[PDB]
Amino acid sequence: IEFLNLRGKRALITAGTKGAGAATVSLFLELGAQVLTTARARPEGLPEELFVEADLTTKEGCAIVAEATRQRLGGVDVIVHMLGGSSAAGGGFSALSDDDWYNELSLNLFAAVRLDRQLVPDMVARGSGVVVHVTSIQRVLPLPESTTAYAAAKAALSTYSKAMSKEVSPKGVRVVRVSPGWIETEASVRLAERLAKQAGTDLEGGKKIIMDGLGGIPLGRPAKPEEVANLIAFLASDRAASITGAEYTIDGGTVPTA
């Protein structure tokens, strides 16, 4: 039995170069979806048809991607908003400049907002489709050292997503959130290695430092990119037709409240 498939579905998945983005692109293709993804620069190995080059942190980039989506897919059945991250330095709330706030909002909130504004009305007119906003456990569990503005932007995204669900769910478009905790990437593995040029070393000890900083991960490990992809594919499928306006956390139990 083929429990789940995405055959025929046209999907825009933002930021599919690496990490969970790449894993989600890869899984969607496995499941039969036609995929368009985005990056500032196309990675050398993958088909030109799969990528549109753009800076989604700018309104010009969003305009380009929305149009490319229309031209390449002809329409969208699934949007997965994966673009996100934080580049702010540490030092707490008072070390955040106007630039930092603008950067955090542009990356984590505005790309989804701008793309949705362009693409969702057509989905509503058709009367079917799914939008997945990838938020972050920091939206409920903020970590202040360098991610105060990151957390705030993800909280804006989460509530924006719920608001949109209230509007478009009655019209047949589902809108869900996926909220990951720590995801194991090349970047994070190197971060774990880094925290070992400082006191300690062992890598495992480095990962422990990171996990303790989150308040501990009951599962004892971060999520793999493929595991985030798994949840997103499930939510985008017809096996999830009654799921909308909800946030599905994938964090190994990190968020410690019920």
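Start at 1 with the first residue shown and count on from there.
Student: Give the stretch, out of 246-254 and 18-26, with the larger mean C-alpha temperature factor in the deposited entry.
Tutor: Of 18-26 and 246-254, the stretch with the higher C-alpha B-factor average is 18-26.
Student: On mean Cα temperature factor in this entry, is 31-39 or 201-209 the higher one?
Tutor: 201-209 has the higher mean C-alpha B-factor.
Student: Have a look at 133, 171, 126, 117 and flag the one whose Cα has the highest B-factor in the entry.
Tutor: The C-alpha B-factor peaks, among 133, 171, 126, 117, at 126.
Student: Which is it among 64, 229, 219, 189: the one with the largest CA B-factor in the entry?
Tutor: Highest C-alpha B-factor among the listed options: 189.
Student: Grab the CA temperature factor for residue 158 from the record and place it in the lowest, middle or highest third of its chain.
Tutor: Tercile = lowest for this residue's CA B-factor.
Student: Taking the C-alpha B-factors as the PDB entry records them, is residue 148 in the lowest, middle or highest third of its chain?
Tutor: As the PDB entry reports it, the C-alpha B-factor of residue 148 lands in the lowest third of its chain.
Student: Taking the values exactly as deposited, rank residue 99 by C-alpha B-factor within its chain and report the matching third: lowest, middle or highest.
Tutor: CA B-factor rank for residue 99: middle third.
Student: Mind checking which third residue 111 falls in for C-alpha B-factor across the chain?
Tutor: Answer is middle: the recorded C-alpha B-factor places it there.
Student: Among all modelled residues of this chain, ranked by Cα B factor, put residue 77 in the bottom, middle or top third, i.e. lowest, middle or highest.
Tutor: Middle third.
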